[PDB]
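Presented below is the structure to which this report refers.
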Amino acid sequence: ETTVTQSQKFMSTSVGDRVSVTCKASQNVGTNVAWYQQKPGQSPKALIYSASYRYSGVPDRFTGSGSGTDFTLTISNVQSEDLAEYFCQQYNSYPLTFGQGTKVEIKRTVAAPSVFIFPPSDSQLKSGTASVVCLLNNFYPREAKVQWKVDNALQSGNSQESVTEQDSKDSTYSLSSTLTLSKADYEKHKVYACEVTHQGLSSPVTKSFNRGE
Amino acid sequence: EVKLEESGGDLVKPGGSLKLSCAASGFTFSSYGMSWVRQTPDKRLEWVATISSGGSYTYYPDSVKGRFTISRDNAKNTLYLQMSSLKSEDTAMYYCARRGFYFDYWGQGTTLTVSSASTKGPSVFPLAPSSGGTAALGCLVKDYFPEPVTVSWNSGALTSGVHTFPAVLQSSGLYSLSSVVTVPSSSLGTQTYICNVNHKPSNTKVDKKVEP
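Protein chains in written order, with my numbering: chain A, 1 to 213; chain P, 214 to 425.
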């Protein structure tokens with residue numbers, strides 16, 4: 001079986017710049033290689049076929065090169081909307097095989113998070129669990145420190161973070177940190193605080209609430 | 214104008230069977246080969262079947278041979294994938310695709326989860342909002358199995374500023390996620406905000422109005 005290998009798990013670029021993604025077949029495949037673009041939460045979309053041909057509707061800034069074993073997708077004039085995973089695929093023979101994908105990431109200027117905290121809803125407590133949600137909205141770069149304080153005690157181990165992919169329009173991240181407590185533990189303390197440290201903030205910002213108010 | 218729309222994904226016990234369907238439109242279906250490609254949780258893509266335009270030739274990888282059967286009904290403009298002797302490694306999102314060598318159109322995908330666990334629908338709780346200007350609100354979608362859930366706002370009409378986070382697997386074996394949106398704070402008392410949660414494997418739909 002002929003394999004195709006993408007050695008770059010990530011490639012980073014800025015708006016208006018170019019990025020190249022490599023793909024190596026394990027044996028000669030001629031020009032029978034295709035490229036696909038998969039934006040977050042979407043199915044793959046076809047970009048390149050026969051190594052270098054663009055479908056109708058694909059901008060000329062997308063190019064592909066190579067013959068034999070070494071193939072390259074190049075995106076010129078990169079747009080924020082190009083944030084996606086890019087896959088190569090050979091079809092010189094069955095079985096048809098895919099590369100592992102390369103994520104193209106967008107560098108941009110610093111953007112501080114907007115921070116919000118959400119107490120557990122009365123609905124949720126009725127079932128013995130308490131989720132407290134801290135939201136960090138539309139920030140860049142990805143590095144961000146989130147600290148949970150319950151009556152000034154630092155929490156560690158009882159919260160989980162999830163992050164979106166870079167936004168197709170402004171290239172920012174958003175992040176949720178969810179503190180999960182037993183209702184019994186939640187009712188034992190008053191002040192719930194989410195503290196956020198980030199390059200775009202002059203100093204850490206804290207959002208907080210008093211349970212019961 | 215080419216569209217491919219899959220259906221049939223479900224939770225199925227290990228060793229069981231499931232048939233996926235793909236409805237084509239916007240092209241002459243009988244003039245193209247058709248294929249199935251799946252994407253595993255690690256996001257790798259695996260081609261799993263190809264059928265010629267007339268249905269006479271079929272091709273499979275060794276991982277699925279004799280367990281998966283691709284077929285088509287050209288009169289109906291439909292493609293099928295019959296899956297049997299299902300294995301844990303078959304869990305994936307399955308894509309209908311046009312052509313038999315490279316794939317110039319892909320469907321939206323339908324998900325198979327191979328599992329002996331029971332399905333459980335989500336519980337949905339408001340993330341209540343409220344200087345000013347911008348308010349944040351959302352829904353916590355908790356304790357469901359398996360993935361995925363789909364979340365929209367106001368039945369798909371509110372999309373600007375929506376962030377639906379990736380699900381996280383809890384120790385209970387159930388998934389949880391939140392979906393949030395930022396809105397003008399001046400509208401909270403007049404504009405209605407409803408998160409629509411669809412969990413197909415449990416046939417559960419939940420709409421929660423999120424109020425100040």
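Cβ atoms here follow ideal geometry from the backbone N, Cα and C, with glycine treated the same way.
Taking the C-beta atoms as reference points, residue 10(A) is found nearer than 8 angstroms to residue 105(A). Membership of residue 252(P) in any alpha helix (DSSP H) is not indicated; the residue belongs instead to the beta strand (DSSP E) covering 247-252.
Taking the beta carbon of residue 133(A) as reference, the chain P residues within 7 angstroms of it are 340, 353 and 391, listed in sequence order. Looking at the DSSP output, residue 73(A) bridges to 21(A) and 64(A). Residues of chain A whose Cβ lies closer than 9 angstroms to the Cβ of residue 308(P) are, in chain order, 43 and 44. Judged by pairs of C-beta atoms under 8 angstroms, the region 340-357 of chain P does not touch the region 254-264 of chain P, as fewer than three such pairs exist. Runs of the alpha helix (DSSP H) lying entirely within the region 350-415 of chain P and spanning at least 4 residues: none are present. Inter-segment contact for the region 124-144 of chain A and the region 75-91 of chain A is absent: fewer than three beta-carbon pairs are separated by less than 8 angstroms. Boundaries of the alpha helix (DSSP H) harbouring residue 123(A): 122-125, taken from the DSSP string. Note: residue 191(A) is bridge-paired with 210(A) in the DSSP secondary-structure output. Unbroken beta strand (DSSP E) stretches of 3 residues or longer found wholly inside the region 264-307 of chain P: 281-286 and 291-296, given in chain order. In this structure, residue 324(P) keeps its C-beta atom at 8 angstroms or more from the C-beta atom of residue 395(P). The residue among 230(P), 278(P), 308(P) and 297(P) with its C-alpha nearest the C-alpha of residue 95(A) is 278(P).
Under the criterion of beta carbons closer than 8 angstroms, residue 343(P) and residue 398(P) qualify as touching, at roughly 7 angstroms. Per DSSP, residue 183(A) is one residue of the alpha helix (DSSP H) stretching across 183-186.
Within chain A, 160 and 162 have C-beta atoms less than 7 angstroms from the C-beta of residue 381(P), given in sequence order. DSSP, read as helix, strand or coil, puts residue 80(A) in helix. Within the same chain, Cβ atoms closer than 8 angstroms to the Cβ of residue 67(A) are found at 30, 31 and 51, the five residues on either side in sequence being excluded.
The residue from 392(P), 387(P) and 388(P) with its alpha-carbon nearest to that of residue 341(P) is 392(P). DSSP places residue 46(A) inside the beta strand (DSSP E), whose first and last residues are 45-49. For residue 34(A), the chain P residues whose Cβ falls inside 9 angstroms of its Cβ are 314, 315, 316 and 317, in order along the chain.
Counting other Cβ atoms within 10 Å of its Cβ, residue 164(A) reaches 16 or more and is therefore classed as buried.
Annotation for residue 133(A): the continuous beta strand (DSSP E) segment containing it runs 129-139. 114(A) is the residue among 114(A), 91(A) and 119(A) whose C-alpha sits nearest the C-alpha of residue 345(P). Within the DSSP bridge table, the entry for residue 218(P) names 236(P) as partners.
For residue 295(P), same chain residues with a beta-carbon under 6 angstroms away, outside a window of 5 residues either side, are 232 and 282 in chain order. Residue state for residue 174(A) is assigned as strand, using DSSP reduced to three classes.
If you draw a 10 Å sphere on the C-beta of residue 120(A), you find 16 or more other C-beta atoms in it, and that means buried.
Within 10 angstroms of the beta-carbon of residue 213(A) lie fewer than 16 other beta-carbons, which makes it exposed.
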